[PDB]
Every structure is written in structure tokens, then in C-alpha cells.
Amino acid sequence: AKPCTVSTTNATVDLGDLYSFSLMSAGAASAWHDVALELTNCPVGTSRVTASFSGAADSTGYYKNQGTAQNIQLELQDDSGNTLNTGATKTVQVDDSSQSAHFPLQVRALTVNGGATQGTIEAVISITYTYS
Amino acid sequence: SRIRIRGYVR
Ligand SMILES: [Co+2]
């Protein structure tokens with residue numbers, strides 16, 4: 001189907017200062033941070049938008065920290081609590097009254113194995129849309 | 001679209 005207008009080209013989640021003291025036990029995680037992706041002006045014939053997610057994983061499957069803090073994974077979840085690791089998709093129905101589509105997502109840092117170390121956190125998740 | 005994630009572990 002024809003494409004909508006992508007109205008969120010770039011978004012940034014700043015997790016702030018996390019503490020290794022509280023990222024010691026396996027499975028410890030930061031609070032969730034909200035991020036939304038907006039599509040507008042969906043053309044006639046387009047009833048669904050599918051987002052596809054990419055970026056480098058680490059051994060845990062979650063997105064690799066490209067910064068210096070060790071044992072830090074980055075996790076993206078959808079509105080159903082599903083993890084959107086690299087290669088995942090999420091499909092939303094267009095609201096015909098506004099010809100728009102909204103993707104409410106959340107992000108957190110996670111330590112799968114525990115024992116996070118001090119350092120930076122940096123990652124980028126890319127999103128590419130198909131239309132049907 | 002791109003989602004950039006930043007932070008520090010202290
Ligand atoms: Co925060």
C-alpha cells in the first residue's frame with residue numbers, strides 16, 4: 001500500500017544516571033522510558049503500518065551497549081509487553097478518522113547477567129515501515 | 001526513524 005508520512009524521524013531516550021549498586025543482581029533493570037513513533041497522512045488504501053526494528057544485538061539477544069558500561073543490555077517493548085529485539089516487527093491499524101498511526105513504545109536498560117559496571121550507555125535502534 | 005538511547009552507569 002502507499003506510505004504514510006513519518007512524523008518521528010529521530011527520538012532520544014536519556015536514561016540519566018543509573019547506579020551499578022542497583023544493577024548488580026541478574027535481571028535488574030532501569031525504569032521504563034516512553035518513546036512514541038507517529039505516522040500521519042496515511043493515503044487511501046493503507047489500513048495498517050508495520051514497523052521493523054534493527055540494530056546490533058549482544059549475546060543476550062537484546063541491543064548491545066555501544067558505550068563502556070559492561071553487562072548492560074537495552075530493551076525495547078511494545079504495548080503488549082513484547083520485547084522488540086533486532087528483526088522484530090510491530091503492526092498497528094490506521095485510525096481512519098485521522099488517517100494516522102501511533103506506536104507507543106518503552107525503553108529500559110537491563111542487566112541480564114548482573115554485575116553491571118560503570119561507564120557510558122549508548123545505542124541506536126533503527127525503524128523501517130511497510131504499509132498494507 | 002532512529003531511536004537513540006543514552007545514559008551513564010555510576
Ligand atoms: Co529515567
Side-chain angles (χ1 to χ4, degrees), chain A residues 1-20 22-23 25-132, chain B:
Chain A
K2 305 288 172 75
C4 308
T5 296
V6 175
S7 293
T8 314
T9 301
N10 282 289
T12 298
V13 170
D14 172 20
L15 302 170
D17 287 341
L18 306 180
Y19 297 94
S20 68
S22 296
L23 292 165
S25 185
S30 73
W32 293 110
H33 301 254
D34 294 330
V35 57
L37 303 178
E38 309 299 342
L39 298 95
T40 55
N41 302 336
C42 293
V44 175
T46 298
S47 55
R48 289 180 164 68
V49 180
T50 300
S52 179
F53 301 86
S54 61
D58 63 27
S59 67
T60 74
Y62 296 96
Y63 295 100
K64 181 172 198 325
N65 185 20
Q66 303 290 343
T68 62
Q70 302 300 305
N71 309 314
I72 292 290
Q73 282 69 51
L74 293 314
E75 180 173 16
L76 181 66
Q77 278 185 15
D78 74 4
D79 61 6
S80 297
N82 300 304
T83 300
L84 299 169
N85 281 336
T86 194
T89 71
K90 176 67 173 184
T91 299
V92 297
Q93 291 182 274
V94 172
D95 182 334
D96 280 337
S97 70
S98 54
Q99 308 91 63
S100 61
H102 178 71
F103 290 84
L105 308 169
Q106 298 77 48
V107 167
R108 69 184 178 178
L110 168 66
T111 178
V112 170
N113 297 136
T117 65
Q118 72 171 71
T120 57
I121 302 171
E122 286 295 342
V124 175
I125 302 169
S126 300
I127 310 89
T128 76
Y129 310 89
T130 63
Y131 303 93
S132 61
Chain B
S1 304
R2 282 164 76 255
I3 295 173
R4 187 279 184 99
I5 304 164
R6 64 191 294 172
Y8 281 84
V9 178
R10 305 296 183 166

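Hydrogens, waters and symmetry mates play no part in the numbers below; they use all other heavy atoms, side chains included. Numbered from 1 within each chain, the chains take letters A, B, ... in sequence-line order.
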CA sep, side-chain torsions, deciding dist, call: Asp58(A), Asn65(A), side-chain contact (heavy atoms from CB on, under 4.5 Å): CA-CA 8 Å; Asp58(A) 63 27; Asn65(A) 185 20; over 6 Å; no

Stepwise side-chain contact (heavy atoms from CB on, under 4.5 Å) test for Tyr131(A) and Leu39(A): CA-CA 11 Å; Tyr131(A) 303 93; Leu39(A) 298 95; 3.4 Å; yes

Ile121(A) and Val9(B): CA distance, side-chain angles, deciding distance, side-chain contact (heavy atoms from CB on, under 4.5 Å) verdict: CA-CA 7 Å; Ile121(A) 302 171; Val9(B) 178; 3.8 Å; yes

Steps toward side-chain contact (heavy atoms from CB on, under 4.5 Å) verdict (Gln118(A), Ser20(A)): CA-CA 6 Å; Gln118(A) 72 171 71; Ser20(A) 68; 5.6 Å; no

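No side-chain N or O of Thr8(A) forms a donor-acceptor pair with one of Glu38(A) less than 3.5 Å apart. A donor-acceptor pair shorter than 3.5 Å can be found between the side chains of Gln77(A) and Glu75(A).
Between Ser97(A) and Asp95(A), the shortest heavy-atom contact is OG-OD1, 2.6 Å. Closest non-hydrogen pair, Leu15(A) versus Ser30(A), comes out as CD2-OG, 4.2 Å. Residues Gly115(A) and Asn71(A) share a closest heavy-atom pair of O-ND2, 3.0 Å. Residues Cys4(A) and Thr46(A) approach most closely at SG-CG2, 4.2 Å, considering heavy atoms. For the residue pair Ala28(A) and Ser22(A), the shortest heavy atom distance occurs at CB-O, 3.5 Å. Between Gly61(A) and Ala57(A), the closest heavy-atom pair is O-CB, 3.6 Å.
The CZ atom of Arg6(B) lies 10.5 Å from the OG1 atom of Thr120(A); values are rounded to the nearest 0.5 Å. One distance of note links CG of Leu74(A) with OG1 of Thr60(A); it measures 9.5 Å at 0.5 Å rounding. Rounding to the nearest 0.5 angstrom, the gap separating the CZ atom in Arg108(A) from the CH2 atom in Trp32(A) is 4.0 Å. With rounding to the nearest 0.5 Å, the separation of CG in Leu76(A) from NZ in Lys90(A) is 11.0 Å. Taking CG from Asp96(A) and SG from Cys42(A), the interatomic distance works out to 9.0 Å, rounded to the nearest 0.5 Å. Note: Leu105(A) CG to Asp34(A) CG = 9.5 Å, rounded to the nearest 0.5 Å.
Taking the side chain as every heavy atom from C-beta outward, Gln66(A) and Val124(A) never approach each other to under 4.5 Å. The side-chain heavy atoms of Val49(A) and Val94(A), taken from C-beta on, include a pair separated by under 4.5 Å.
Other residues, nucleotides and ligands contribute only 12 or fewer heavy atoms inside 6.0 Å of the CZ atom of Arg2(B). In the displayed structure, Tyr8(B) atom OH is contacted under 6.0 Å by at most 12 heavy atoms of other residues, nucleotides or ligands.
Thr40(A) contributes no side-chain N or O that, together with a main-chain N or O of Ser100(A), makes up a donor-acceptor pair within less than 3.5 Å. Using a distance-only test at 3.5 Å, with no hydrogens or angles considered, no donor-acceptor pair links the side chain of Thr5(A) to the main chain of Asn41(A). Side-chain atoms of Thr86(A) come within 3.5 Å of backbone atoms of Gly55(A) as a donor-acceptor pair (strictly under, hydrogens ignored). For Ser132(A) (side chain) and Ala1(A) (main-chain N/O), no donor-acceptor pair under 3.5 Å exists by modelled atom type. Under the 3.5 Å distance criterion, the side-chain polar atoms of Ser1(B) are left unmatched by any main-chain donor or acceptor of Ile127(A).
Among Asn85(A), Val107(A), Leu110(A), the single residue meeting the side chain to side chain contact (heavy atoms under 4.5 Å, CB included) criterion with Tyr63(A) is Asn85(A).
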